[PDB]
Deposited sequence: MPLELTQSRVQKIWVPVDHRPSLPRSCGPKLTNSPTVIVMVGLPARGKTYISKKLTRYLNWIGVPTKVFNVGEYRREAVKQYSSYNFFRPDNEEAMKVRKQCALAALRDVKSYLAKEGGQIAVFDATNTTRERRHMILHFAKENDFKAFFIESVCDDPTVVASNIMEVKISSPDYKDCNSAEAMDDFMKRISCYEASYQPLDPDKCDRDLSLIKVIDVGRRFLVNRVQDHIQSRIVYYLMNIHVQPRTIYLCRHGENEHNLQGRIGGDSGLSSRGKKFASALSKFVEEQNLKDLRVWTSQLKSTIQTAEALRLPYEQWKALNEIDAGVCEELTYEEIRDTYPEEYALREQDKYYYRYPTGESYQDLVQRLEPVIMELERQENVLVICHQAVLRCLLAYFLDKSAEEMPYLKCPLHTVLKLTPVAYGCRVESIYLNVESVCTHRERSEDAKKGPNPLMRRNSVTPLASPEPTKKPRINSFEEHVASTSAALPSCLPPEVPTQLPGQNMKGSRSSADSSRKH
């Protein structure tokens, strides 16, 4: 005898708890390794953003931030000299303090992956972190980022270093000059991971030649396997992603959800405007993805560009609620209506989906977007929120409420360690969002 949970709709055995109900109440440390300005922090933040979005709780422990709080105002690379005994001691205390927080996150706060982001360039420091992992029952996975192209190091410095709080009192050439001296502090004592000898037994990936060569050693589980796959499909060349919904469609005009209706006459004006907009972006090659529902495909046909249909991009399935208006939902399914409002990410429609299901189904879209250059994705409201949450690092709880009005393009471009979003409304009227009607 089983019962279906109210919110997620999962069949679970009836828990006829005895009259004294009893209640029951292996984590990984990813260790970044590498010289400064090699992308460690960029990898840490973007990996975490991916892991959290697919539902693995992950947190970055950036030792550099523990050092910023402990010292206040960075003045120069002198702080990083190997002969600076006081600073060496502060640096090691910053690392140990970050490790206490790692311990707490993984063993007490429900975290599953802690990304320990520091140079970690000596065997002796990595040996200590492994002792920490062994003593707490954490697994350890090392990601070493290796970069021997001065062009790329210089560009990293310009993109994320010179504008750091460290270089507050500094202009660009002097910041750049200081950082280069900082880097050279680490060179004498740097000991790269060596999987053929001393590091034979560590689980690790070395990212080399600007994400071009990988060495992967002893992947241990499912999550490490996903990490490596991810790291092997990201790249740093700047590009643009555009996201929008299909033009207004006939179910939009009747306030009916889901279905597979066609563009209204304003939806087709949007589709023309979108065509005009794409042309003035003036982009080299632009890939166009749609879902398999009619109104996104009509919208792409207005563009006269080749496009590709993905069933993974189709709107969230409303199950028994498909093609009902919001009032017919409230009046036939008051219980269901109210539960959804209470827990909108986890809620699943009967015989339908939740935002949480959407996430799993969009995972290959996200993986392929990482591999692309310029792409325009024409999709649907919930799909769009779910993709936007991944690029803007929004949590599960905020994802179902992100603003995505009709006839509005979202333009995502890389800056610093993330995505900037610009909204471009294409000046064609539509019925409003459901949120705006309510208030």
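**Q** From the N-terminus onward, what segments of the deposited sequence lack any C-alpha atom in this model?
**A** Holes in the chain trace, numbered from 1: 1 to 3, 29 to 33, 448 to 520.
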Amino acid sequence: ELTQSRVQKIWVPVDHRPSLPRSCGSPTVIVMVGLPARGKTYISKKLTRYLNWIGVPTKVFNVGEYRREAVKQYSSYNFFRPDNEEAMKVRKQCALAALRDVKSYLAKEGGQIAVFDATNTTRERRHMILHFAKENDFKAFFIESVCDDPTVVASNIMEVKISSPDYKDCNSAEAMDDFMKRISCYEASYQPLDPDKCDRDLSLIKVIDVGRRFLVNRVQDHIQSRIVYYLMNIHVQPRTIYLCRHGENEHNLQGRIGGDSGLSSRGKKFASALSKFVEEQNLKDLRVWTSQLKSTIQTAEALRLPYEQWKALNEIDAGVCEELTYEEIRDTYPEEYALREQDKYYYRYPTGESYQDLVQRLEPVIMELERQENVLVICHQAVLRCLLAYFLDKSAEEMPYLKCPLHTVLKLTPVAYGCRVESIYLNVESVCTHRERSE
From here on, numbers count along this sequence of modelled residues.
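Throughout, rigid core stands for the largest set of C-alpha atoms superposing within 1.5 Å between the two forms.
**Q** Give, as the answer, the stretch of 71 to 79 and 258 to 266 that departs more from the shown form in 8 other deposited structures of this protein; the measure is RMS Cα distance after a core fit.
**A** Of 71 to 79 and 258 to 266, the stretch deviating more in 8 other deposited structures of this protein is 71 to 79.
**Q** Rigid core superposed, root mean square over structures and residues, which stretch has C-alphas farther from this form in 8 other deposited structures of this protein, 100 to 108 or 207 to 215?
**A** Greater root mean square C-alpha distance in 8 other deposited structures of this protein: 207 to 215.
**Q** Looking at the other compared entries that model both neighbours, is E439 missing coordinates in at least a third of them?
**A** Affirmative; at least a third of those entries omit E439.
**Q** Can you tell me whether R22 lacks a model in a third or more of the other compared entries?
**A** Yes, left without coordinates in at least a third.
**Q** Got a sec? Mean C-alpha B-factor, which is higher, 288 to 296 or 253 to 261?
**A** The stretch with the larger average C-alpha B-factor is 253 to 261.
**Q** Per the entry, where is the mean C-alpha temperature factor higher: 383 to 391 or 396 to 404?
**A** That would be 396 to 404.
**Q** Specify which of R38, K411, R68, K45 carries the largest Cα B factor in the deposited PDB entry.
**A** Among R38, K411, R68, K45, the highest C-alpha B-factor in the entry belongs to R68.
**Q** Between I10, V14, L426, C419, which one tops the list for Cα B-factor in this entry?
**A** That would be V14.
**Q** Name the third of the chain's ranked CA B-factors that contains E368, choosing lowest, middle or highest.
**A** According to the entry, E368 has a C-alpha B-factor in the chain's lowest third.
**Q** Looking at the entry's B-factor column for C-alpha atoms only, identify whether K311 ranks in the lowest, middle or highest third of its chain.
**A** According to the entry, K311 has a C-alpha B-factor in the chain's lowest third.
**Q** Test of reading the entry: by CA B factor among the chain's modelled residues, which third contains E301?
**A** Middle third.
**Q** Hey, what third does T58 fall into on Cα B-factor, ranked over its chain?
**A** Lowest third, going by the recorded CA B-factors of the chain.
**Q** Name the third of the chain's ranked CA B-factors that contains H235, choosing lowest, middle or highest.
**A** As the PDB entry reports it, the C-alpha B-factor of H235 lands in the highest third of its chain.
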